[PDB]
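Input: a single structure, listed below in structure tokens.
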């Protein structure tokens, strides 16, 4: 006969809606990750998750996972280098990188090169721009004494 | 470059290229070993890592080596050490060991396969899933849709 579906414990960094003492046939729930996390099943992403308690106390979908947003590798800078401030090769949400044009011979324009990984998956500067900085040649600089 | 969408590339573009137009006759996944310069042609010595489809190239398998040529006029360049998905139509020439050689032209599909760090990025995770889903779909069931 009718039974309660297994209790849906929240995945890490995810929140359940709506909360119920027990989930009976035809009750449903949805998972909403905290800001900076995305829904994924296996390695494939999910736009949104919603499951419903079906007959014999079984769910239609397996549990997903709230994974932190990854901005990916920083785009390389012409005549410049990229430095990881947060840690070696960490590109996840709220991580900071510092762009630097090659010293002495080049100077930076537009912005100062401090970029942080934003919740939308794009590296954003301190000003809020998503595009790369530009390195400008430094004229002059003769070796005469 | 890896997972780059053309302006006219609608969804399922890889399957349309492979099975509708120009209808691929061979589909390989190779790793570029070395580049040689011949008369009016550039020669890339490659090692096959995965085989998706073939017609004339019987006993083509992993760790088998092939030769991929492109005219010197074309702006395509295959840098050694990277892994590419190559599919097109089989040529008419053979190499020193007796294996067929391949010409890369407008009816050939060349795309570097994404690295592990890039593929799990939030932006490219959905696109990287389409590529692997296509490789498993085409590599198993072919064009018999």
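Note: ideal-geometry Cβ built from the backbone for every residue, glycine included; neighbour counts use all protein chains shown. Any read-out appearing in this document is the output of simple, stated calculations on the displayed coordinates, not a laboratory observation.
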### Query
Could you work out the helix-only [θ] at 222 nm for the protein assembly as shown, with each DSSP H run of four or more residues adding -39,500 (n - 2.57) and the total divided by the number of residues, to the nearest 500 deg cm²/dmol?
-3000 deg cm²/dmol
### Task
State the percent of C-alpha pairs, over all pairs in chain B, separated by a distance greater than 23 angstrom.
34
#### Entry: Label-point gap, in nm, between residue B:96 and residue B:74 - each point 7 angstrom along Cα→Cβ
2.4
### Summary
Mean other chain Cβ within 10 Å across A:42-50 is 2
### Query
For segment A:1-69, what log10 I(q)/I(0) values come out of the Debye formula at q = 0.14, 0.23, 0.24 1/Å, with one point per alpha carbon and no solvent?
-0.41, -0.96, -1.02
### For residues of A:70-76, the mean tally of beta carbons on other chains within 10 Å
4
### Message
For segment A:1-68, what does the relative contact order come out to in percent, with C-alpha contacts under 8 Å and a separation of six or more?
### Response
38
### Query
On full extension of the chain, what length is gained from residue B:136 through residue B:16, given 0.36 nm per residue of separation minus the C-alpha to C-alpha distance?
41.7 nm
### Task
Just grab the label-to-label distance for residue A:131 and residue A:116, each label 7 Å out from Cα along the Cβ direction, in nm (one decimal).
2.3
### Query
Pick from B:40, B:129, B:61: which residue has the top mean-square fluctuation in a GNM of chain B where Cα pairs under 10 Å get a spring?
B:40
### Query
If you count, for every residue in B:112-122, the Cβ atoms of partner chains within 10 Å of its Cβ, what is the mean?
4
### Task
List the pair-distance distribution P(r) of chain A, using every Cα-Cα distance, as the percent of pairs falling in each 10 Å bin from 0 up to the bin containing the longest distance, rounded to whole percents.
11, 28, 20, 15, 12, 8, 4, 2, 1, 0
## Note on the structure
Relative contact order as a percentage, chain B, C-alpha pairs under 8 Å and 6+ apart, gives 26
#### Entry: Kirkwood estimate for the protein assembly as shown, i.e. one over the average of 1/r between Cα atoms, Å
23.2
### Summary
Of all DSSP beta bridges having both residues in chain B, the percent classed as antiparallel (nearest 5) is 90
### Task
Identify the residues of segment B:92-121 with backbone N under 18 Å of a label point that sits 7 angstrom from the Cα of residue A:92 along the Cα-to-Cβ direction, or state none.
B:116-121
### Query
Assuming a viscosity of 0.890 mPa s and a temperature of 25 °C, what translational diffusion coefficient in µm² per second does Stokes-Einstein assign to segment B:1-49, Rh being the Kirkwood radius over Cα pairs?
182
### Query
Given Cα pairs under 8 Å that are at least 6 residues apart, what percent is the relative contact order of chain A?
18
## Note on the structure
Simple SL model, points at 7 angstrom along Cα→Cβ for residue B:31 and residue A:142; separation in nm is 5.4
## Note on the structure
Given A:94-105, A:110-121, the highest-first ranking by average Cβ count within 10 Å works out to A:110-121, A:94-105
### Query
By DSSP, what percent of the beta bridges with both residues in the protein assembly as shown are antiparallel, rounded to the nearest 5?
95
### Message
Between helix B:122-141 and chain B, what is the angle of the helix's C-alpha long axis to the longest principal axis, kept within 0 to 90° and rounded to the nearest 10?
### Response
60
